[PDB]
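A quick write-up on the structure given underneath.
Throughout, protein chains are lettered first and strands after them, A, B, ... in sequence-line order, and every chain is numbered starting at 1. Heavy atoms only: backbone and side chains are in, while hydrogens, waters and symmetry mates are out.
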Amino acid sequence: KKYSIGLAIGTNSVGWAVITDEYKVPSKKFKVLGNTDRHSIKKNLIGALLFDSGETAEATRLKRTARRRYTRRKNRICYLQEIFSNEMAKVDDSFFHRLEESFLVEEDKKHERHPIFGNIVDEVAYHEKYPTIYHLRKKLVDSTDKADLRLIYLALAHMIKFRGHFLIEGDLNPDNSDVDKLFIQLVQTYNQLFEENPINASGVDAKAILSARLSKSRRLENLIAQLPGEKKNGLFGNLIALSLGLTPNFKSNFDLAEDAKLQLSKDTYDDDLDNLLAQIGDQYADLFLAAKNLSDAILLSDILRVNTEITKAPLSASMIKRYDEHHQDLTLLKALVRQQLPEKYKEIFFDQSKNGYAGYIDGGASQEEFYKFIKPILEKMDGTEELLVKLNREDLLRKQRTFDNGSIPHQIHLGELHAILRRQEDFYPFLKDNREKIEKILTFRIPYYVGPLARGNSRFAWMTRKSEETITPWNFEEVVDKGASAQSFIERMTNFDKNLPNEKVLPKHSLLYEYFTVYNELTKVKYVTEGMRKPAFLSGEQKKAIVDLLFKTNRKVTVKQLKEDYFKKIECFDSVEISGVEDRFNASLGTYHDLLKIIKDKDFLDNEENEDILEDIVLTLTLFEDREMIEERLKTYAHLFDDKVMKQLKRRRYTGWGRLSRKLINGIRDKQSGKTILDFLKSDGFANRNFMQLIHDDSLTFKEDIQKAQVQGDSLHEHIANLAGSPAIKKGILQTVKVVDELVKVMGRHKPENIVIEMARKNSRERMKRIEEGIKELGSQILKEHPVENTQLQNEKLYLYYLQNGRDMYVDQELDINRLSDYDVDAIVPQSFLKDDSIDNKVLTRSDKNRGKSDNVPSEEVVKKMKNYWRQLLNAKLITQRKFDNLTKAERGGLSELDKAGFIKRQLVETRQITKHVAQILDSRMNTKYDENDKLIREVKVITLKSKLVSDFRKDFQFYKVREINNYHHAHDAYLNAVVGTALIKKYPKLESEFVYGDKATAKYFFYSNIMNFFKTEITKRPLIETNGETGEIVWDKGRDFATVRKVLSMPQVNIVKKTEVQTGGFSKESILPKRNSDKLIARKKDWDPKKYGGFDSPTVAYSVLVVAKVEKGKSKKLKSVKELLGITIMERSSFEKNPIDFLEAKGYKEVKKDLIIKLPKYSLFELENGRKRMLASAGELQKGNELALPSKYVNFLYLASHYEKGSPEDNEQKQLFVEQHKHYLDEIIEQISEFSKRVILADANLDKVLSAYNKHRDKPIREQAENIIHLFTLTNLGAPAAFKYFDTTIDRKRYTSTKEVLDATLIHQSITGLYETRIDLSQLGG
RNA sequence: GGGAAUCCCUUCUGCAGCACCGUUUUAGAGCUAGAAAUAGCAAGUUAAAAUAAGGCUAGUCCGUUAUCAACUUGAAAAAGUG
DNA sequence: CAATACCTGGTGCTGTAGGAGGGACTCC
DNA sequence: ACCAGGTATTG
Ligand SMILES: [K+]
Ligand SMILES: [K+]
Ligand SMILES: [K+]
Ligand SMILES: [K+]
Ligand SMILES: [K+]
Ligand SMILES: [K+]
Ligand SMILES: [K+]
Ligand SMILES: [K+]
Ligand SMILES: [K+]
Ligand SMILES: [K+]
Ligand SMILES: [K+]
Ligand SMILES: [K+]
Ligand SMILES: [K+]
Ligand SMILES: [Mg+2]
Ligand SMILES: [Mg+2]
C-alpha cells in the first residue's frame, strides 16, 4: 500500500491529507472506544487540526520584571524604616504600624485611624499646613528648625518610593541650570569665533523664549525673530535648534561636503561632532559645547518652572506652583460659572459621570478629557481668555501626580533628599550617620548586566557573588562580583566559533579581526594593464603596501584611490582594470583609525609587540559598557598613555562580536608551512587562497584540525523551540510532526512515498514614530499643517502620503490630502515579477502612467528626476535602502532577464529557512538507514511548495476556496499540495533538486513560467494523458484525475479537530473593582474581604471538571444527588490537583464519585441529538461544534458571484453567464443554511432576522447579495458565536449561556487527527 | 541545491535593569435649614498600602511563555493500545 | 431561565546576543 | 482595536 501525505502548516491550523497512487483519499473503519453502542466509524483520511495561537514570552517577561520592581520598591521602603526604627520608636511607637494598616477599614485597624499623628486635630492641622506632600518637601528643604521625625520620614520615603528615571549619568545642577546664562555664553563663543559678524543679544529675554511651553521650532522662530540680521538656518540659528533638540544640518553653515546633521539625542553625536570637527577645526568645539550646555538648561527648565535662587527645592516649588494656580483658577472658574452659566454648575462640579471637574477629580476623567469637556464652556463665557491660554498650553487645573512626571530625573529628588538630610542631621545623630546610606537607597540600581540577585533558584539569573551574604544597596560592590557578572551576561549570549567550538569569538571591532577581513577581501582582487597577458593577483608585498598606504591612511579605500594612489603612484600605471571589488572596499580598519585618533602614536599601533595589549583594550571596550568598570580594566595600561588619552579611551566603546575566533584567525598553523590563516591571507604565492579555500584545502592541515576540534542531543520539542521563528509557527511545526506520526501509525507503520509541505505566509504607534522621526529629521512641517492620529495611518494612501512628505514619488510636485482617492499606489518592481504588497515596494503617485513603462522598474528619466528626493527620504528613514535601490535600478541597467527568471523561480521555489528546518525535521525522522556507501537512504521524499502553486491550480481548474464557509479549506489545501507536488516531481524528476530536501535566462524564465502547463489541455495543445518522458509512467490523466480531485473536495466528512487546551495565564481580569456585595469578587489579599475592600472578578477557568456527588439542600441540609460542571480557575488549579476530594468537599460536594471525575479542558467536544455538536467554552458557556459542509457547486458559485479574486474575456463572460444561469443557487444556499441552523445552531430569532434580511435585499446586485451571504456563514461557523452584518442589518451573537445539556450528551475524546475516538455516554452517569 | 567571512539595510526571538500613571480601601473634621427624605452652599489637586491569591528553596528569589485526546501500565518520566 | 448590554491595565526609557528577509562581494 | 468569556440588569 503506497500513499503520500499533504500538509498545510499555519499559525492556527495544520491541514493534513493522505493520497494514493490515483490521487484518491482513502477511507477506513476506525475502532471507537467508550460506553456507547457504536463500535467503529468510517473516516476519510483528510482533515485539519485547529488551535489557538502560540504566544510569545514577552507579556510574561514584562509582568515578571514588574513583579521584581514592586518587590524592590517595597525593599527600599523597608531599608528606610529599618534605619528610622529606634528613634521613631522613641518618638511614636506605632507610626509605622499605622502606615502599614492605612488600607484597612477602621473596624479592622488595630490603631487609631489617623496615620501621621494618631489624632484628628493634629492630622487636620497637618493637612491645612501641607495640602500636598510637595509643601512638606519644600519646607523640610528650606527651613532651619528641628522637624517632627515622622514628617522627615514621610518626605524621604516619598522621594525614595517615586525616585525618578536614570537616563542622565553623573550629577545635576552643575551651574547648567540658567537658560539666560548659557544663551549668553553661547553668544560669547559665537562672537569670539566671528568677530566680523557679531550678534546683538541685548534686550533678548532668552529665559522666557527658550523655556516657553511651545514646540521646538516655534521657540526657535521666536528667538530668531528677536535677532534682525539672523535667520533660523544660519549658524547661530542652527546652534539654537541643536540646543532645542532639533536636527540641524551644519553643512551649509560651513560650506562642507559631508552632511553634518547633528542631534544631541542620537547615540552617534559624539562621533558626529568629532567627524564634523575634523573639517572645520577644533576652534569650534567650545561653540557646540556651549550649545550642549544650553540644551541641558532648556531640558531642566522643562521640569523646573520656578526661580532656583529662592529655594533649594525647585521641583517641589513647581508642584506647589501647580497647586496654587489650580486653586486660583478653580476659584475664578467657579465664580465664572456661578455668574454666567448657573444651570451647568451642578453638572460641572458634582457629576462624576460627566467629564467636568467632578469627573476629573472624583470620576475617571483624565486631564485630556476634562480639557475637551471644558474648552467649549470656557470659549462660550467671558473672562476665560487666560484660562483658555493655559488650557491650550496643557497647563490648566493641573494635578501634581501626572503622566508627564516621567521627565523628572532622579538627581532632582536626590538633591531634595540630600538637602533635607543636611537640614535635619543637625538635630538627629542617626540621620548624620546614615545620610549616605539613605542617599544610596535612592540612587542604587541593580545593573542590567548583573540581573536578579538570586541564590540558585532562578532560571533567569547569572550573577556571581564575591562573598556569601545578603546583598544590600550599600554592600553591593563588595558582595557582587560585578566583573564576572557583566562577563557572564555577554558570554552566555554569544556564539562560539563554529569551526573551533571551544574558542570564544573575537570582538567585531578587534584590530586583528579587521586585519583578517581586509586581507580576506584584498586577496581576491585582480588587475590588468596593457602589457599584461592575464589578470594577476596582488602579491604579498603589493597587499602590504596597499594596506600601509591606503587602509592605514583612509577610513575607507575606494577603487579610485586604489587606481591612483597605488597603481599610478607606485606601479606607474595610467590605466588599470580592477576586479574583486566595486566602488570601494567593504572591509576597513576602522578601529585602527579610532585608536590612531585617540592615542596619536602610529608606531605604537603598527608595532606587533603591542598586539595583545590593543586586543585586550578592544575586548574591554566591547565586553563592558560601564565606564567605571572600563576604567578599572584599562588601569593596567595607565603607564603606556597620558591621562588625557586614558580618558578619551574610556569614552570610546564598541558593540558586537565577530564570527571567528582569534585561534582560527592567527592561532592554528598549517603543519608544513607553519603559517596561520592570516599568514596565508597576507601572502600565499600566486594562488591567493581566501578563508574558505584555506579551511577546505586537503593539502593543508587547517581542514583536518577543524574536523578534529568539533564536538547532547535536543529533543524534538527542544530542537523546535531553538529554531529562529515566531512561537506561533513553531507550535504549528510541532503539531505537524505529531500529525505525521499519527498518520504513519494509521497506515500500519508504513512510511509514505512523499510528504508535501506548504507553510503559510501598537503598529500604528510604530508608524507614527516612523513618520515623526522622518519628518523631524527631514525638517518638514507637514505635521503642523495636517495633524493626524496614529489610527488614521492605517489607511495605506495616507501613510504613503506622509512617508513621501506629501509629494509625488515620480514627479517633483506636491500631492493633495483631500484628493488621495484620485491617486495611485504603484509597485516599484511590478507585482507580475515580485508579489510584494508592502510599503517597501509601494509608492504613492498622482498617476502610475508617470512611472514610464509598466514592464520594468521606473524609467531612467524618473530616476534622474527624483534621485535626490529619494536620497533625502532614505536619510530620513522614510524609505528603506531596498526601496531606494529598487527605485533607482534603472540607472544600473534596470531589470535584466536573469532578474525576471529569478523572480518567477522565487514565486515557485520555497527558500525560507524555517520551511527548510521543517523539511529537515521530517526528513531525518522518516529516513534513518544508510546504504553500502554509508549514504542516506531517502525512502520518503520531503517536498516543499509555495502557496502560489496550489492557489493558481485552484483558480485555473475552478477548485475555488471560500475561507468563511467552514474550516475544510485547510484540509483541501493539504490534499491539493499532496496532489500537485507528487504530480510535479513525477512529471519532471530532475526538479527533485529544487523541491526535495537533501543533497539561458530567457530559457529558464520560459521554463519556470510554463512549469505547470502539463496540467492544462490547451495552452495560451497538449495530450489528454501526461506521462514521464523517460520512465513512460503516467503522471496525470486529464480525463479521470480532475474528477478525482473534484470528488475529494466534495466529500462532506472532513476531520476538523479543535485542539483542546487547558487555559493558562492571568488569574482574572486585572481591574481592581470597588467594593460590592457579590460572591464573584475575589480578595486581592487573604484578609481583604472584597465586600469591604473590593477586588477582582472574571477569573479564567483553567479547565472544567465533571462532578457526580451530593450537595446539602435547604435549611435541613438534606443530601441531594447532583451532576454538574465545576470550573476550576487558574488560581484554584494547584490546590485542586494537590487533593481533588478535599477541594471538592470544600466547595460543598459530598460523597464525590472520585473515579467519575472527568477533566474537561476548553473546546471539549460533545454530541447531542441529530448530530448537533457543542464545544466547551467554559464551565457555563458553549461554542458551536458543527461544520457546514456546503456542496462544491454552491461554494464555486459563491466564489464566482462575489468576485472573490481574472482571465480571458470569453472566460469571464462564460463565468458571468454561469452565475446568471444559476441565480437559483442563492435561494438554495439560504435553504441549506436554514436547515443547518435549525438542526444545529438553534438561534430562532437570529435565523428569522437573517431570513427577513435576505428577503429584503432580493433586488440587490448579485455581487452584493453573494458578498453578504459570505458574512451570513458567521452564524454557522465553528467555535464561539460572533456578530455579523448582512448589508446594514446587524445580527448580535446568540450565546449558549448554559452547559447543563452536555451533562447528558456524548463526550468525544479525539486523537490529534480525530480518526481515533473515545465516546462516553454521560447520561449513564448520575443517580 | 546547500554552506561560509565581509558590507549596506530591514526585521524579529530571548533576557536583564528602570521610570511615570491608573485602580483599589483608608486618611485629609464639610457646613446650614429641616425629624427626616431633601435643599442651599462650601470643598476638591495630596498621602499611605496593594498591584496577580501566594510559595519554599527564604533569595533584595520564584509566581501569566512553551508543552497537554482517551485508555493501560507506572510515584513520576515514560512505553504501549485500535 | 432569555435578550441585552457592558467590560476588558496603560505609557515611556536603557542595555544585549542571536537568527533571518532583501541587496552587493569573494569563496567552499 | 481585537475576540470572546464574565457579569449584572432586566424580565
Ligand atoms: K479601631
Ligand atoms: K530674524
Ligand atoms: K479622574
Ligand atoms: K556561549
Ligand atoms: K563594495
Ligand atoms: K561594550
Ligand atoms: K601615564
Ligand atoms: K499555555
Ligand atoms: K492563551
Ligand atoms: K475623604
Ligand atoms: K485532542
Ligand atoms: K530586544
Ligand atoms: K540584528
Ligand atoms: Mg508581593
Ligand atoms: Mg498613585
Side-chain angles (χ1 to χ4, degrees), chain A residues 30-31 33 54-57 59-61 63 65 67 69-72 75 99-100 102-105 113-115 120 123-124 127 131-133 164-167 322-323 326 357 361-362 398-403 405-406 445-449 451-455 457-458 460 470-472 489-490 493-495 517 520-521 524 580-582 586-587 625 657 659-660 690-693 696 717 721 724 727 880-882 885 913 993-994 999 1060-1062 1064-1067 1069-1072 1074-1075 1080 1082-1086 1092-1094 1097-1098 1131 1161 1177-1178 1181 1280 1282 1309-1312 1316 1318:
Chain A
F30 287 94
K31 179 166 183 52
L33 308 174
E55 286 163 9
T56 73
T60 305
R61 157 167 55 84
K63 268 132 186 175
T65 57
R67 243 144 45 207
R69 294 193 297 280
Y70 276 135
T71 294
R72 294 161 182 178
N75 287 328
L99 291 190
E100 189 201 60
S102 67
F103 186 85
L104 295 180
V105 180
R113 64 190 190 93
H114 296 95
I120 182 151
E123 214 81 10
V124 175
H127 280 277
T132 77
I133 185 61
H165 67 77
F166 289 82
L167 308 179
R322 281 192 191 177
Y323 176 81
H326 185 136
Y357 187 80
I361 302 292
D362 291 324
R398 292 266 283 162
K399 302 172 184 174
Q400 291 67 70
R401 298 297 228 98
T402 51
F403 53 93
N405 298 341
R445 280 171 73 199
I446 304 181
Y448 66 84
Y449 53 79
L453 311 182
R455 207 173 68 176
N457 295 129
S458 169
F460 309 97
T470 297
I471 305 169
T472 67
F489 163 73
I490 286 299
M493 294 188 295
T494 57
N495 275 331
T517 57
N520 201 38
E521 185 177 3
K524 287 317 185 185
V581 57
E582 307 296 330
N586 290 327
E625 202 258 334
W657 298 86
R659 312 232 103 217
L660 313 184
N690 61 6
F691 176 61
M692 282 289 99
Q693 289 174 319
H696 283 138
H717 179 206
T880 57
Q881 171 88 42
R882 162 173 176 262
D885 290 339
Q913 204 70 29
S993 60
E994 321 290 308
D999 293 6
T1060 63
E1061 286 179 329
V1062 172
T1064 62
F1067 289 157
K1069 289 186 174 184
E1070 298 181 336
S1071 296
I1072 299 123
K1075 68 182 172 186
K1080 292 318 199 304
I1082 300 171
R1084 300 172 56 216
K1085 232 64 169 171
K1086 177 182 174 180
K1092 302 178 191 148
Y1093 303 104
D1097 69 5
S1098 304
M1131 191 175 72
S1178 168
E1181 194 173 339
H1309 293 293
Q1310 299 182 285
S1311 60
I1312 190 174
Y1316 300 109
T1318 298

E994(A) meets the side-chain hydrogen bond (donor to acceptor under 3.5 Å, both in side chains) criterion, sequence neighbours left out, with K905(A)
Sequence neighbours excluded, the answer for side-chain hydrogen bond (donor to acceptor under 3.5 Å, both in side chains) partners of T1318(A) is none
| Taking the six-membered ring for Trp, is the centroid-to-centroid distance between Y357(A) and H326(A) below 6.0 Å? | yes
What string of B, S and - do you get for [range], 5' to 3', when a contact is any protein heavy atom under 4.0 Å?
range	answer
nucleotides 38-50 of chain B	---SBBBBSSBBB
nucleotides 5-11 of chain D	BBBS---
nucleotides 21-28 of chain C	S-SBSSBS
nucleotides 71-82 of chain B	----------SB

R72(A) side-chain N/O to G17(B) phosphate OP1/OP2 under 4.0 Å:
yes
(Q) Quick check on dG9(C): is either OP1 or OP2 less than 4.0 Å from any side-chain nitrogen or oxygen of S1071(A)? (A) yes
When both hydrogen-bonding distances must be under 3.5 Å and the geometry is Watson-Crick or G-U wobble, what is [N] paired with, if anything?
N	result
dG18(C)	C12(B)
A79(B)	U72(B)
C7(B)	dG23(C)
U45(B)	none
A58(B)	none
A19(B)	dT11(C)
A39(B)	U32(B)
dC3(D)	none

Integer angstrom distance from the [atom1] of [N] to that of [M]:
N	M	atom1	value
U45(B)	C21(B)	P	16 Å
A33(B)	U23(B)	P	37 Å
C71(B)	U67(B)	P	22 Å

Subject >> Centroid under 5.5 Å and tilt under 30°, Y70(A) to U51(B) >> reply: yes
Checklist entry - Do we see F691(A) stacking on the base of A5(B), given a limit of 5.5 Å between centres and 30° between planes? => result no
Practice task
Step through the shown structure and confirm whether more than 12 heavy atoms of other residues, nucleotides or ligands are within 6.0 Å of CD on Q693(A).
Solution key: yes
